[PDB]
Amino acid sequence: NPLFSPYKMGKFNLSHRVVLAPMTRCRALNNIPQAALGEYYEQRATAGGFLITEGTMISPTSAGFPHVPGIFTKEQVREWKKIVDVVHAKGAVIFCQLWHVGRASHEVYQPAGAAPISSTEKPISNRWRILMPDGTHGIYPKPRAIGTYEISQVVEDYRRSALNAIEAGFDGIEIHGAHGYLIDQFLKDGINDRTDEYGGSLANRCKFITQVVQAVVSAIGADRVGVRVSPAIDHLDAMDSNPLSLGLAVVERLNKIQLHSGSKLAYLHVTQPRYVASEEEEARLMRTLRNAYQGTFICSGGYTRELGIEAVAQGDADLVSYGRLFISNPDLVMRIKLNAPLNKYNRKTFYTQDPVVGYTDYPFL
Ligand SMILES: Cc1cc2nc3c(=O)[nH]c(=O)nc-3n(C[C@H](O)[C@H](O)[C@H](O)COP(=O)(O)O)c2cc1C
Ligand SMILES: CCOC(=O)/C(=N\O)C(C)=O
């Protein structure tokens, strides 16, 4: 089984290639990591396995989901610290994904009922609805397009949250730059209609993510930084005229950062375009991005045991992260190794607040 050969991710010796994909579950009540989270992660932690946390707020403005954890307060750091500890006692490596939704938010999720922030004032269309804290769905509002001063503050929010994660004992962080969220809103030319140094050209659209990655690499070291992108996805009206060129331009920026830092990023994490909330065209994009990036490649989005094995065997990826099957199979690593039957997942408790139901009461074998 290719998925169970060891893999060296920077300074981390992983014993297998099955990765817990980052997944918002909304159990971190009031944006504070809860003991529920620690049981949840401990359930899935394996000796030599890599875990990525649910997206985590870098600022009071970066939320667009209910009860998602933050890591911008010391209270959050201390509660995160207790979760990182039980993960490490199981022998796993854990990154914290840093997440700013940008315009994928609502007045209800913003301090003082303010507008969400973004690269543009273009709102997400009425094709998409936002889950509300009471379980209904709301209308995405028109965002505020931020200037370059505020952009630098957001970059610093990323840098401070990156240090706080280390303080909490995380092995590293992942920059969430995918899925139509704040960084994607700058990357994709379907969203970024700016006329300043952050918009227009492809280089300009790439400036935000480059600066975010540079700041966190400066902060904690390139080998503790992962980057997630999704140059082609159907999510929150996040489209580009030339997804593959956008992908390649991001990858070149990352290669350049690695050479100048003199160290490799922890990894590049890329969402398969088939994933939602032509086939060869989609596999083309993934292998084209992988072949272009100097370092470790995690693929994600609709993978199964079979698709995961082939991905590693065929050289398409170094690591494979699983999402939904990890929600419902806490010992998913164990099950993949044994090729044991997997347990179904219940979408309806993906985003509910219960600390047990649909969260930690999925059984082992
Ligand atoms: C409930 C749920 C929450 C998710 N939240 C995030 C997230 O916070 N950050 C992120 O990068 N991806 C998120 N995603 C996507 C996963 O990280 C992953 O890429 C995707 O689930 C992989 O496809 P799979 O479910 O078939 O394994 C989420 C997916 C699910 C099902
Ligand atoms: C389809 C890609 O978008 C996602 O999976 C997501 N966050 O990144 C959530 C919270 O659903």
# chains A, B, ... in the order shown; residues from 1 in each chain; ligands from 1

$ residues_near_ligand --ligand "ligand 2" --cutoff "7 Å" --atoms "only C-alpha atoms and all ligand atoms" --output "PDB file with C-alpha atoms, in the first residue's frame"
ATOM      1  CA  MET A  23     -12.872  20.890   8.303  1.00  0.00           C
ATOM      2  CA  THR A  24     -15.127  23.525   9.877  1.00  0.00           C
ATOM      3  CA  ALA A 178      -8.735  28.610  -1.478  1.00  0.00           C
ATOM      4  CA  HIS A 179     -12.457  28.299  -1.951  1.00  0.00           C
ATOM      5  CA  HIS A 235     -17.753  27.717  -4.614  1.00  0.00           C
ATOM      6  CA  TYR A 275     -15.134  18.940  -5.105  1.00  0.00           C
ATOM      7  CA  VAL A 276     -18.178  21.005  -4.068  1.00  0.00           C
ATOM      8  CA  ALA A 277     -20.163  21.661  -0.898  1.00  0.00           C
TER       9      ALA A 277
END

$ residues_around --residues "residue 329 in chain A" --least-positions-apart "3" --cutoff "9 Å" --atoms "only C-alpha atoms" --output "number ranges by chain"
A: 44, 324-326, 332-333, 335, 342-345, 362-365

$ write_last_selection --atoms "N, CA and C atoms" --output "PDB file, in the first residue's frame"
ATOM      1  N   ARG A  44      -8.853  11.049  15.956  1.00  0.00           N
ATOM      2  CA  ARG A  44      -8.354  10.871  14.602  1.00  0.00           C
ATOM      3  C   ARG A  44      -6.837  10.838  14.534  1.00  0.00           C
ATOM      4  N   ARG A 324     -14.658  14.063   4.413  1.00  0.00           N
ATOM      5  CA  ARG A 324     -15.937  13.590   4.933  1.00  0.00           C
ATOM      6  C   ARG A 324     -15.797  12.206   5.535  1.00  0.00           C
ATOM      7  N   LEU A 325     -14.968  11.356   4.919  1.00  0.00           N
ATOM      8  CA  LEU A 325     -14.764  10.029   5.483  1.00  0.00           C
ATOM      9  C   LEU A 325     -14.034  10.090   6.805  1.00  0.00           C
ATOM     10  N   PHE A 326     -13.295  11.165   7.063  1.00  0.00           N
ATOM     11  CA  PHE A 326     -12.680  11.318   8.370  1.00  0.00           C
ATOM     12  C   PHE A 326     -13.654  11.832   9.418  1.00  0.00           C
ATOM     13  N   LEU A 332     -10.011   6.296  10.427  1.00  0.00           N
ATOM     14  CA  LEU A 332      -9.945   6.192   8.971  1.00  0.00           C
ATOM     15  C   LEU A 332      -8.577   5.712   8.516  1.00  0.00           C
ATOM     16  N   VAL A 333      -7.519   6.135   9.209  1.00  0.00           N
ATOM     17  CA  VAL A 333      -6.196   5.619   8.867  1.00  0.00           C
ATOM     18  C   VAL A 333      -6.166   4.112   9.066  1.00  0.00           C
ATOM     19  N   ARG A 335      -8.649   2.069   9.086  1.00  0.00           N
ATOM     20  CA  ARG A 335      -9.542   1.396   8.145  1.00  0.00           C
ATOM     21  C   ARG A 335      -8.937   1.316   6.745  1.00  0.00           C
ATOM     22  N   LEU A 342     -16.012   1.401   5.427  1.00  0.00           N
ATOM     23  CA  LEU A 342     -16.105   2.719   6.037  1.00  0.00           C
ATOM     24  C   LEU A 342     -17.531   3.009   6.490  1.00  0.00           C
ATOM     25  N   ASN A 343     -17.652   3.871   7.504  1.00  0.00           N
ATOM     26  CA  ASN A 343     -18.949   4.298   8.024  1.00  0.00           C
ATOM     27  C   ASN A 343     -19.437   5.549   7.307  1.00  0.00           C
ATOM     28  N   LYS A 344     -20.737   5.582   6.999  1.00  0.00           N
ATOM     29  CA  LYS A 344     -21.331   6.748   6.362  1.00  0.00           C
ATOM     30  C   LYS A 344     -21.259   7.962   7.284  1.00  0.00           C
ATOM     31  N   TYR A 345     -21.348   9.147   6.679  1.00  0.00           N
ATOM     32  CA  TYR A 345     -21.405  10.401   7.418  1.00  0.00           C
ATOM     33  C   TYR A 345     -22.784  11.034   7.297  1.00  0.00           C
ATOM     34  N   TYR A 362     -19.237   8.908  16.325  1.00  0.00           N
ATOM     35  CA  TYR A 362     -18.979   7.953  15.247  1.00  0.00           C
ATOM     36  C   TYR A 362     -18.066   6.843  15.758  1.00  0.00           C
ATOM     37  N   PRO A 363     -18.431   5.581  15.586  1.00  0.00           N
ATOM     38  CA  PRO A 363     -17.698   4.498  16.247  1.00  0.00           C
ATOM     39  C   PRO A 363     -16.386   4.149  15.556  1.00  0.00           C
ATOM     40  N   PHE A 364     -15.527   3.472  16.315  1.00  0.00           N
ATOM     41  CA  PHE A 364     -14.375   2.817  15.721  1.00  0.00           C
ATOM     42  C   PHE A 364     -14.801   1.450  15.190  1.00  0.00           C
ATOM     43  N   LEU A 365     -13.849   0.711  14.633  1.00  0.00           N
ATOM     44  CA  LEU A 365     -14.113  -0.670  14.256  1.00  0.00           C
ATOM     45  C   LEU A 365     -14.347  -1.499  15.516  1.00  0.00           C
TER      46      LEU A 365
END

$ residues_near_ligand --ligand "ligand 1" --cutoff "7 Å" --atoms "only C-alpha atoms and all ligand atoms" --output "short mmCIF file (atom, residue, chain, number, x, y, z; two decimals) with N, CA, C and O atoms, in the first residue's frame"
data_model
loop_
_atom_site.label_atom_id
_atom_site.label_comp_id
_atom_site.auth_asym_id
_atom_site.auth_seq_id
_atom_site.Cartn_x
_atom_site.Cartn_y
_atom_site.Cartn_z
N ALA A 21 -8.11 16.23 6.53
CA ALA A 21 -8.31 17.50 5.85
C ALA A 21 -8.88 18.53 6.82
O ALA A 21 -9.60 18.18 7.75
N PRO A 22 -8.60 19.82 6.61
CA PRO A 22 -9.16 20.84 7.50
C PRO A 22 -10.67 20.93 7.31
O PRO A 22 -11.17 21.01 6.19
N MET A 23 -11.41 20.94 8.42
CA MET A 23 -12.87 20.89 8.30
C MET A 23 -13.55 21.69 9.41
O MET A 23 -13.48 21.29 10.58
N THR A 24 -14.24 22.75 9.01
CA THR A 24 -15.13 23.52 9.88
C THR A 24 -16.26 22.66 10.41
O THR A 24 -17.07 22.14 9.64
N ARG A 25 -16.34 22.51 11.74
CA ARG A 25 -17.41 21.74 12.37
C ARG A 25 -18.25 22.53 13.35
O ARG A 25 -19.27 22.02 13.84
N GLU A 54 -9.63 22.42 11.46
CA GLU A 54 -10.67 23.32 10.98
C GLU A 54 -10.12 24.73 10.78
O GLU A 54 -9.20 25.15 11.49
N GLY A 55 -10.68 25.48 9.84
CA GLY A 55 -10.22 26.84 9.64
C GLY A 55 -10.35 27.63 10.93
O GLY A 55 -11.26 27.41 11.72
N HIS A 176 -5.06 29.18 4.44
CA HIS A 176 -6.23 28.84 3.63
C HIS A 176 -6.37 29.88 2.52
O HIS A 176 -6.89 30.98 2.73
N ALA A 178 -7.91 29.26 -0.48
CA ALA A 178 -8.73 28.61 -1.48
C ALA A 178 -10.19 28.98 -1.26
O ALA A 178 -10.54 29.73 -0.33
N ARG A 228 -2.80 26.25 1.05
CA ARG A 228 -3.89 25.65 0.29
C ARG A 228 -4.43 26.61 -0.77
O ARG A 228 -4.66 27.80 -0.50
N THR A 271 -7.04 21.70 -3.94
CA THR A 271 -8.35 21.07 -4.01
C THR A 271 -8.65 20.64 -5.45
O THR A 271 -8.57 21.45 -6.37
N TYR A 275 -14.59 18.88 -6.45
CA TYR A 275 -15.13 18.94 -5.11
C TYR A 275 -16.02 20.16 -4.92
O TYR A 275 -15.65 21.27 -5.31
N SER A 300 -6.61 17.00 -2.42
CA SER A 300 -7.81 16.90 -1.62
C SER A 300 -9.04 17.05 -2.50
O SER A 300 -8.99 17.73 -3.53
N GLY A 301 -10.15 16.45 -2.07
CA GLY A 301 -11.41 16.65 -2.75
C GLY A 301 -11.97 15.40 -3.40
O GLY A 301 -11.60 15.08 -4.53
N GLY A 302 -12.85 14.70 -2.69
CA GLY A 302 -13.49 13.53 -3.25
C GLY A 302 -12.63 12.29 -3.35
O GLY A 302 -12.94 11.40 -4.14
N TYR A 303 -11.58 12.19 -2.55
CA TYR A 303 -10.73 11.02 -2.67
C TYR A 303 -11.32 9.88 -1.87
O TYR A 303 -12.03 10.07 -0.87
N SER A 321 -5.23 14.13 1.70
CA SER A 321 -6.10 14.47 2.82
C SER A 321 -7.52 14.03 2.54
O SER A 321 -8.03 14.16 1.43
N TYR A 322 -8.17 13.52 3.58
CA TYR A 322 -9.55 13.10 3.51
C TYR A 322 -10.39 14.00 4.39
O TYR A 322 -9.95 14.44 5.45
N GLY A 323 -11.61 14.26 3.94
CA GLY A 323 -12.51 15.11 4.70
C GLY A 323 -13.67 14.34 5.26
O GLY A 323 -13.67 13.96 6.45
N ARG A 324 -14.66 14.06 4.41
CA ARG A 324 -15.94 13.59 4.93
C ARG A 324 -15.80 12.21 5.53
O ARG A 324 -16.38 11.92 6.59
N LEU A 325 -14.97 11.36 4.92
CA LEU A 325 -14.76 10.03 5.48
C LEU A 325 -14.03 10.09 6.81
O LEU A 325 -14.12 9.15 7.59
N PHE A 350 -22.76 18.06 10.29
CA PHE A 350 -21.46 18.63 9.94
C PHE A 350 -21.21 19.94 10.68
O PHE A 350 -20.10 20.18 11.16
N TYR A 351 -22.23 20.80 10.75
CA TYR A 351 -22.05 22.16 11.25
C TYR A 351 -22.87 22.47 12.50
O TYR A 351 -22.95 23.63 12.90
#

$ closest_residue --among "A:338, A:265, A:299, A:89" --to "residue 319 in chain A" --atoms "only C-alpha atoms"
A:299

$ atom_distance --atom1 "CA of residue 98 in chain A" --atom2 "CA of residue 175 in chain A"
5.3 Å

$ atom_distance --atom1 "CA of residue 315 in chain A" --atom2 "CA of residue 15 in chain A"
17.8 Å

$ closest_residue --among "A:4, A:149, A:267, A:128" --to "residue 49 in chain A" --atoms "only C-alpha atoms"
A:4

$ residues_around --residues "residue 79 in chain A" --least-positions-apart "6" --cutoff "8 Å" --atoms "only C-alpha atoms" --output "PyMOL selection string"
chain A and resi 32-34

$ write_last_selection --atoms "N, CA, C and O atoms" --output "PDB file, in the first residue's frame"
ATOM      1  N   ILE A  32     -14.081  29.812  20.932  1.00  0.00           N
ATOM      2  CA  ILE A  32     -13.085  29.260  21.848  1.00  0.00           C
ATOM      3  C   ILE A  32     -12.987  27.759  21.612  1.00  0.00           C
ATOM      4  O   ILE A  32     -14.010  27.066  21.689  1.00  0.00           O
ATOM      5  N   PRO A  33     -11.796  27.222  21.348  1.00  0.00           N
ATOM      6  CA  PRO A  33     -11.639  25.766  21.230  1.00  0.00           C
ATOM      7  C   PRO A  33     -12.145  25.063  22.482  1.00  0.00           C
ATOM      8  O   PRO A  33     -11.856  25.474  23.605  1.00  0.00           O
ATOM      9  N   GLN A  34     -12.897  23.996  22.283  1.00  0.00           N
ATOM     10  CA  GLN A  34     -13.557  23.316  23.384  1.00  0.00           C
ATOM     11  C   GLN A  34     -12.937  21.946  23.578  1.00  0.00           C
ATOM     12  O   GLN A  34     -12.326  21.385  22.662  1.00  0.00           O
TER      13      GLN A  34
END

$ closest_residue --among "A:208, A:140, A:297, A:109" --to "residue 152 in chain A" --atoms "only C-alpha atoms"
A:208

$ closest_residue --among "A:293, A:50, A:40, A:72" --to "residue 320 in chain A" --atoms "only C-alpha atoms"
A:50

$ closest_atom_pairs --of "range 37-76 of chain A" --to "range 162-167 of chain A" --cutoff "12 Å" --atoms "only C-alpha atoms" --output "CSV"
residue,atom,partner,partner_atom,distance
A:53,CA,A:165,CA,11.1
A:56,CA,A:165,CA,10.1
A:57,CA,A:162,CA,11.0
A:58,CA,A:162,CA,8.6
A:59,CA,A:162,CA,11.8
A:70,CA,A:165,CA,10.2
A:71,CA,A:164,CA,6.5
A:72,CA,A:164,CA,7.0
A:73,CA,A:164,CA,8.3
A:74,CA,A:164,CA,8.0
A:75,CA,A:164,CA,10.8
A:76,CA,A:164,CA,9.0

$ residues_around --residues "residue 216 in chain A" --least-positions-apart "6" --cutoff "10 Å" --atoms "only C-alpha atoms" --output "JSON, numbers by chain"
{"A": [155, 156, 157, 158, 159, 160, 161, 162, 163, 172, 173, 174, 175, 222, 224, 225, 226]}

$ residues_around --residues "residue 130 in chain A" --least-positions-apart "4" --cutoff "12 Å" --atoms "only C-alpha atoms" --output "list in words"
residues 63, 64, 65, 66, 101, 103, 104, 105, 106, 107, 108, 109, 124, 125, 126, 134, 135, 136, 137, 138, 139, 140, 141, 235 and 236 of chain A

$ write_last_selection --atoms "N, CA and C atoms" --output "tab-separated table (two decimals), in the first residue's frame"
chain	number	residue	atom	x	y	z
A	63	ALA	N	-14.46	35.60	10.51
A	63	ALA	CA	-15.43	34.51	10.61
A	63	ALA	C	-16.62	34.73	9.67
A	64	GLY	N	-17.13	33.62	9.14
A	64	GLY	CA	-18.35	33.60	8.34
A	64	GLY	C	-19.11	32.32	8.60
A	65	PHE	N	-18.80	31.68	9.73
A	65	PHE	CA	-19.47	30.48	10.20
A	65	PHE	C	-19.67	30.60	11.71
A	66	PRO	N	-20.65	29.89	12.25
A	66	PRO	CA	-20.91	30.02	13.70
A	66	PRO	C	-19.99	29.13	14.52
A	101	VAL	N	-12.58	34.44	5.94
A	101	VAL	CA	-13.59	34.22	4.90
A	101	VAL	C	-13.73	35.42	3.96
A	103	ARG	N	-15.46	38.12	2.15
A	103	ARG	CA	-16.84	38.47	1.84
A	103	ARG	C	-17.80	37.32	2.07
A	104	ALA	N	-17.31	36.10	2.28
A	104	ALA	CA	-18.18	34.97	2.62
A	104	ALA	C	-18.59	35.02	4.10
A	105	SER	N	-19.22	36.13	4.48
A	105	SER	CA	-19.65	36.33	5.87
A	105	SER	C	-21.03	37.00	5.88
A	106	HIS	N	-21.43	37.50	7.05
A	106	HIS	CA	-22.72	38.16	7.22
A	106	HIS	C	-22.60	39.12	8.39
A	107	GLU	N	-23.48	40.12	8.38
A	107	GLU	CA	-23.53	41.12	9.44
A	107	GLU	C	-23.53	40.45	10.81
A	108	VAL	N	-24.23	39.32	10.90
A	108	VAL	CA	-24.38	38.60	12.16
A	108	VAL	C	-23.05	38.04	12.64
A	109	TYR	N	-22.10	37.79	11.72
A	109	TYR	CA	-20.80	37.25	12.10
A	109	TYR	C	-19.74	38.33	12.28
A	124	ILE	N	-21.23	37.95	-3.11
A	124	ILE	CA	-21.59	36.63	-3.59
A	124	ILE	C	-23.04	36.63	-4.07
A	125	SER	N	-23.29	36.03	-5.24
A	125	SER	CA	-24.62	36.08	-5.84
A	125	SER	C	-25.65	35.30	-5.00
A	126	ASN	N	-26.93	35.52	-5.31
A	126	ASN	CA	-28.03	34.84	-4.61
A	126	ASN	C	-28.12	33.37	-4.94
A	134	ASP	N	-28.72	30.45	13.83
A	134	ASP	CA	-29.95	29.78	14.23
A	134	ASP	C	-30.34	28.64	13.30
A	135	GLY	N	-29.50	28.30	12.32
A	135	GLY	CA	-29.79	27.19	11.44
A	135	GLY	C	-30.49	27.55	10.15
A	136	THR	N	-31.02	28.75	10.01
A	136	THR	CA	-31.54	29.18	8.72
A	136	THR	C	-30.38	29.62	7.82
A	137	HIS	N	-30.71	29.98	6.58
A	137	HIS	CA	-29.70	30.51	5.68
A	137	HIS	C	-30.01	31.95	5.34
A	138	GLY	N	-28.95	32.77	5.28
A	138	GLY	CA	-29.06	34.18	5.03
A	138	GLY	C	-28.49	34.58	3.68
A	139	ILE	N	-28.55	35.88	3.42
A	139	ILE	CA	-28.11	36.49	2.17
A	139	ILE	C	-26.72	37.06	2.38
A	140	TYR	N	-25.78	36.70	1.50
A	140	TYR	CA	-24.44	37.28	1.59
A	140	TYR	C	-24.52	38.77	1.29
A	141	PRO	N	-23.93	39.63	2.11
A	141	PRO	CA	-24.02	41.08	1.89
A	141	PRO	C	-22.91	41.60	0.98
A	235	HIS	N	-17.42	27.39	-6.00
A	235	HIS	CA	-17.75	27.72	-4.61
A	235	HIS	C	-17.72	29.23	-4.45
A	236	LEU	N	-18.87	29.80	-4.07
A	236	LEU	CA	-18.98	31.20	-3.67
A	236	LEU	C	-18.55	32.16	-4.79

$ closest_residue --among "A:238, A:215, A:248, A:209" --to "residue 185 in chain A" --atoms "only C-alpha atoms"
A:238

$ select_by_dssp --residues "range 71-289 of chain A" --states "helix (DSSP H, G or I)" --output "VMD selection string"
chain A and resid 74 to 89 107 to 109 111 to 113 148 to 167 182 to 187 202 to 205 207 to 220 222 to 224 243 to 261 279 to 289

$ residues_around --residues "residue 5 in chain A" --least-positions-apart "3" --cutoff "10 Å" --atoms "only C-alpha atoms" --output "list in words"
residues 1, 2, 14, 15, 16, 17 and 312 of chain A

$ decode --residues "range 92-174 of chain A" --atoms "C-alpha atoms" --output "CSV table (one decimal), in the first residue's frame"
chain,number,residue,atom,x,y,z
A,92,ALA,CA,0.6,13.0,15.5
A,93,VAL,CA,1.7,16.2,13.7
A,94,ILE,CA,-0.9,19.0,13.7
A,95,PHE,CA,-1.2,22.2,11.7
A,96,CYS,CA,-3.6,25.0,12.4
A,97,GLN,CA,-5.3,26.3,9.3
A,98,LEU,CA,-5.6,30.1,9.3
A,99,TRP,CA,-8.9,31.2,7.8
A,100,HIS,CA,-10.3,34.6,6.8
A,101,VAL,CA,-13.6,34.2,4.9
A,102,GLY,CA,-13.5,37.8,3.6
A,103,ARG,CA,-16.8,38.5,1.8
A,104,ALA,CA,-18.2,35.0,2.6
A,105,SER,CA,-19.6,36.3,5.9
A,106,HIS,CA,-22.7,38.2,7.2
A,107,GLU,CA,-23.5,41.1,9.4
A,108,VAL,CA,-24.4,38.6,12.2
A,109,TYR,CA,-20.8,37.3,12.1
A,110,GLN,CA,-19.1,40.6,12.1
A,111,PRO,CA,-18.2,42.9,15.1
A,112,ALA,CA,-20.8,45.7,15.4
A,113,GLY,CA,-22.7,44.2,12.5
A,114,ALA,CA,-20.2,45.6,10.0
A,115,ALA,CA,-19.8,44.7,6.4
A,116,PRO,CA,-17.5,41.8,5.7
A,117,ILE,CA,-14.2,42.8,4.1
A,118,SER,CA,-12.9,41.8,0.7
A,119,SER,CA,-10.9,42.8,-2.4
A,120,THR,CA,-14.1,44.1,-4.0
A,121,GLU,CA,-17.6,45.3,-3.2
A,122,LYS,CA,-19.1,42.7,-5.5
A,123,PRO,CA,-21.2,40.4,-3.2
A,124,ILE,CA,-21.6,36.6,-3.6
A,125,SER,CA,-24.6,36.1,-5.8
A,126,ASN,CA,-28.0,34.8,-4.6
A,127,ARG,CA,-27.1,31.4,-5.9
A,128,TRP,CA,-25.2,31.0,-2.6
A,129,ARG,CA,-26.8,31.2,0.9
A,130,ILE,CA,-24.9,31.5,4.2
A,131,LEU,CA,-25.7,29.3,7.2
A,132,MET,CA,-26.9,31.3,10.1
A,133,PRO,CA,-26.3,30.7,13.8
A,134,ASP,CA,-29.9,29.8,14.2
A,135,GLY,CA,-29.8,27.2,11.4
A,136,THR,CA,-31.5,29.2,8.7
A,137,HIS,CA,-29.7,30.5,5.7
A,138,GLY,CA,-29.1,34.2,5.0
A,139,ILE,CA,-28.1,36.5,2.2
A,140,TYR,CA,-24.4,37.3,1.6
A,141,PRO,CA,-24.0,41.1,1.9
A,142,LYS,CA,-22.0,43.5,-0.2
A,143,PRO,CA,-18.5,43.6,1.3
A,144,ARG,CA,-16.2,46.5,2.0
A,145,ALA,CA,-13.3,46.7,-0.4
A,146,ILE,CA,-10.2,47.3,1.8
A,147,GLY,CA,-7.3,49.6,1.0
A,148,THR,CA,-3.7,48.7,1.1
A,149,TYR,CA,-3.2,49.9,4.7
A,150,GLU,CA,-5.9,47.4,5.9
A,151,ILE,CA,-4.4,44.7,3.7
A,152,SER,CA,-1.1,45.1,5.5
A,153,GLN,CA,-3.0,44.8,8.9
A,154,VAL,CA,-4.6,41.6,7.6
A,155,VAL,CA,-1.2,40.3,6.6
A,156,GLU,CA,-0.1,41.1,10.2
A,157,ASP,CA,-3.1,39.3,11.6
A,158,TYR,CA,-1.9,36.2,9.7
A,159,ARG,CA,1.6,36.6,11.1
A,160,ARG,CA,0.4,37.1,14.7
A,161,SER,CA,-1.9,34.1,14.4
A,162,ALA,CA,1.0,32.1,13.0
A,163,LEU,CA,3.1,32.9,16.1
A,164,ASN,CA,0.2,32.1,18.5
A,165,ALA,CA,-0.2,28.7,16.9
A,166,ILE,CA,3.4,27.9,17.6
A,167,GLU,CA,2.9,29.3,21.2
A,168,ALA,CA,0.0,26.9,21.4
A,169,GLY,CA,2.4,24.1,20.4
A,170,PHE,CA,1.2,23.5,16.8
A,171,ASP,CA,3.8,22.0,14.6
A,172,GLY,CA,2.9,24.6,11.9
A,173,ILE,CA,0.1,26.4,10.1
A,174,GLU,CA,-1.7,26.2,6.8
